[PDB]
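Starting off, we have a lone chain in the form deposited in one PDB entry, written out as structure tokens.
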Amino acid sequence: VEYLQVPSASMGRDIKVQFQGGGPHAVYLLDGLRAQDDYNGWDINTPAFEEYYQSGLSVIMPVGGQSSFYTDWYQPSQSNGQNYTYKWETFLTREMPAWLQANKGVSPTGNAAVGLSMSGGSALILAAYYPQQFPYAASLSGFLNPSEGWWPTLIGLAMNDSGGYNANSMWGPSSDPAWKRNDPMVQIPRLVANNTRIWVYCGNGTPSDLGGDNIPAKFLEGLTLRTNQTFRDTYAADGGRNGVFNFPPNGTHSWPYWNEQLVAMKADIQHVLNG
């Protein structure tokens, strides 16, 4: 596994990327809400790299972007002294794939975006707007209707609690178009039109022997399950026909279950991306 420094002109800094080669197409493994600046949470908490070693797929783990939602923000987060504007969608769709193509031979098209929690919706949004780059997208316990109802408030609370980040610096006031633009439920017609292969998982809040037995992990999983079930219904009602929906009667908002899903989807990704 290599630790790379990839310049981001749009953010004015270098972004650390953990990288395992192994094929021209890649799985982009996006982090959760509390992404650290040293290593991606997939590497800290799971054997993701080992599990995809010799899979015929490269594995890309960008590092950093706490509370970023892997999106382009309007402005720096005001409350916590951020001195630049997050531009993580520009980085993921323009800057990083160009760098990996030139230097590693990773194809900028035909890749998979895999997100969990915070980035579950991000992965679907990336596939909705960049279908040539991401014919495959997985959302593990994602928040799939962020513009609806109380979700902007809940997202604002969680972002302020995880590092003091300001959701209004990200997508503006709740009536700003950026909220619906980045709402996977709203963008289901794009996923259908693109025939995106989507893998949508959410547990029910009940731990198994995999662990993750704590109240916040149980609560968050049960909370977002309802949104995920609604997403499944709306996808089918809108003509969606290329989805895998995994809602087993177990699982909390914790890394063992996300790893179990990453392993489970490997053959699916291999078949879609490599044939």
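Residue numbers run from 1 along the displayed sequence. Residues that one form lacks are left out of the comparison. So that the term is clear: the rigid core is the largest set of C-alpha atoms that superpose within 1.5 Å between two forms.
Asker: Do at least a third of the other compared PDB entries leave residue 63 without coordinates?
Answerer: No, residue 63 is modelled in every one of the other compared entries that cover both of its flanks.
Asker: Note whether residue 250 lacks coordinates in a third or more of the other compared entries that model its flanking residues.
Answerer: In all of the other entries, residue 250 has coordinates.
Asker: Quick check: 153 to 161 versus 84 to 92, which has the larger average CA B-factor in the record?
Answerer: Looking at the recorded C-alpha B-factors, 153 to 161 comes out higher on average.
Asker: Going by the B-factors listed in the PDB entry, is the mean over the C-alpha atoms higher for 121 to 129 or for 72 to 80?
Answerer: If you average the C-alpha B-factors of 121 to 129 and of 72 to 80, the larger mean comes out for 72 to 80.
Asker: Which of these has the highest Cα B-factor in the record: 46, 206, 58, 67?
Answerer: Going by the entry's C-alpha B-factors, 206 comes out highest.
Asker: Which one of 139, 174, 182, 107 shows the top CA temperature factor in the record?
Answerer: Checking the PDB record, the top C-alpha B-factor among 139, 174, 182, 107 is at 174.
Asker: Within this chain, which third does the Cα B-factor at residue 216 fall in: lowest, middle or highest?
Answerer: Highest third - that is where residue 216 ends up once the chain's C-alpha B-factors are sorted.
Asker: For residue 169, return the chain-relative third of its C-alpha B-factor as stated in the PDB record: lowest, middle or highest.
Answerer: Middle third of the chain for residue 169's C-alpha B-factor.
Asker: C-alpha B factor of residue 245, ranked within the chain: lowest, middle or highest third?
Answerer: Middle third, going by the recorded CA B-factors of the chain.
Asker: In terms of the CA temperature factor given in the entry, to which third of its chain does residue 269 belong: lowest, middle or highest?
Answerer: Lowest third.
Asker: Can you tell me which third, lowest, middle or highest, the CA B-factor of residue 13 falls into for its chain?
Answerer: For residue 13, whose C-alpha B-factor we compare with every modelled residue in the chain, the answer is the highest third.
There is also a form deposited in another entry; it is not shown, and the following applies to it.
Asker: Fit the core first: which of 236, 223, 44, 244 then shifts its CA by 2 Å or more between the shown form and the other one?
Answerer: Of all the options, the C-alpha that shifts by at least 2 Å belongs to 223.
Asker: Quick one: in that other deposited form, is the Cα gap between residue 174 and residue 219 smaller or bigger than here? Answer closer or farther; it shifts by 3 Å or more.
Answerer: Those two alpha carbons end up closer in that other deposited form.
Asker: Give me the residue ranges between the shown form and the other one where at least 3 consecutive Cα atoms each move 2 Å or more, fitting on the core only.
Answerer: Runs shifting 2 Å or more: 206 to 208, 213 to 226.
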